[PDB]
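The form deposited without the DNA is given below as one chain in structure tokens.
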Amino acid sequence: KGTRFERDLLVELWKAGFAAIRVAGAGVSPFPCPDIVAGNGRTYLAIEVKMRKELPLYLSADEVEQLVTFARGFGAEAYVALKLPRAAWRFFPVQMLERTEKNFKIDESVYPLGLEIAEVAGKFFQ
């Protein structure tokens, strides 16, 4: 299911004009790395991919820090892509995430602010 959904996201990214790839060993890697990397020549994305049955999404500080470090080194924008059962993929720039004392979270107050993929690509033209 998950790889179907992560491939699902890759397919959506390509339909949106990105060339995108899933990262191999994105878990057991010594280096900072996202789950997906995408680019269209203008916009470059480093994406951590999450699926939840319901809100909220919690992420660790480490996972987010590693994402940001990768994105800064690569020359990409750091995003969390979150899928809920009935929803299309929704994209959250890291700044949109809410801080708890220890973790980061997307709950119901933030989820509606998330972006569709076309909005992510459109930011370049403002």
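Counting begins at 1, following the sequence as shown.
Enquirer: For the higher mean C-alpha B factor in the entry, choose 23-31 or 53-61.
Expert: According to the PDB entry, the answer is 23-31.
Enquirer: Once you work out the mean C-alpha B-factor for both 108-116 and 5-13 from the entry, which is higher?
Expert: Averaged over C-alpha atoms, the B-factors run higher in 5-13.
Enquirer: Determine which member of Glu98, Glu101, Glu48, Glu77 has the highest CA B-factor, using the values in the deposited entry.
Expert: The listed residue with the largest C-alpha B-factor is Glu101.
Enquirer: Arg86: which third of its chain by C-alpha temperature factor?
Expert: Tercile = middle for this residue's CA B-factor.
Enquirer: Taking the entry's C-alpha B-factors for this chain, is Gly73 in the lowest, middle or highest third?
Expert: For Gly73, the deposited C-alpha B-factor lands in the middle third.
Beyond the structure shown, there is the form deposited with the DNA bound, which is absent from this document and is the topic of what follows.
Enquirer: Out of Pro56, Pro32, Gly73, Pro93, which one falls within 4.5 Å of the DNA in the bound PDB entry, going by heavy atoms?
Expert: Answer to the contact question: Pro56.
Enquirer: With a cut-off of 4.5 Å between heavy atoms, is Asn103 one of the residues that contacts the DNA in the bound PDB entry?
Expert: So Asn103 counts as contacting the DNA.
Enquirer: Using 4.5 Å between non-hydrogen atoms, is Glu65 touching the DNA in the bound PDB entry?
Expert: Taking the distances in the bound PDB entry, the answer for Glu65 is no, it never comes within 4.5 Å of the DNA.
Enquirer: Is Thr69 part of the interface with the DNA in the bound PDB entry - any heavy atom within 4.5 Å?
Expert: Contact with the DNA, no.
Enquirer: Taking heavy atoms only, is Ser60 within 4.5 angstroms of the DNA in the bound PDB entry?
Expert: The answer is yes: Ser60 has a heavy atom within 4.5 Å of the DNA.
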